[PDB]
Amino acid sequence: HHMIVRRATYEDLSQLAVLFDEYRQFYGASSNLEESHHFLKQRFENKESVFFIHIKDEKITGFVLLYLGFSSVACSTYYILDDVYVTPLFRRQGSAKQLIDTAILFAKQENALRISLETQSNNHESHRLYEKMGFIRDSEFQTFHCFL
């Protein structure tokens, strides 16, 4: 093969940390490769999180991070799509679509109820991506935060 979407491994973390650090910069964080790599390795070692990466000609182009959720009402599990990012050079080539296609197949393999996520209301690009992938906008619930 020449392109692949697959689960991340320890061997990928050094290159993946660069993209994870770029993703943090998109949301306003200052670049800090040491901090980004440390936290990426903490999430990678956690049993309930799943990383898929898209590789094209041995370069990581993007990633998706999911984690297990529990629904008390249904008495079943689901997945939360927490982070999705494709590096600018590789955008608009289907990397995010392929990453989400794999996340959907993975969630079906795990008999998940659904994949849920939250994205900024003003993030035009992400809304179009999610709608293309079969996600439905839902405003039944309201989020609240207690800042500590």
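Residue numbers run from 1 along the displayed sequence.
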**Prompt:** On average, are the C-alpha B-factors higher in 116 to 124 or in 100 to 108?
**Reply:** 116 to 124
**Message:** Quick check on the record: does 23 to 31 or 49 to 57 carry the larger mean Cα temperature factor?
**Reply:** 23 to 31
**Asked** Lowest, middle or highest third of the chain for the C-alpha temperature factor of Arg6?
**Response** lowest
**Request:** Taking the chain's C-alpha temperature factors as the reference, tell me which third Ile136 falls into: lowest, middle or highest.
**Result:** middle
**Item:** Third of chain Cα B-factors occupied by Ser36
**Value:** middle
**Prompt:** Taking the entry's C-alpha B-factors for this chain, is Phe44 in the lowest, middle or highest third?
**Reply:** highest
**Request:** Would you check the entry's CA temperature factor for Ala17 and let me know if it's in the chain's lowest, middle or highest third?
**Result:** middle
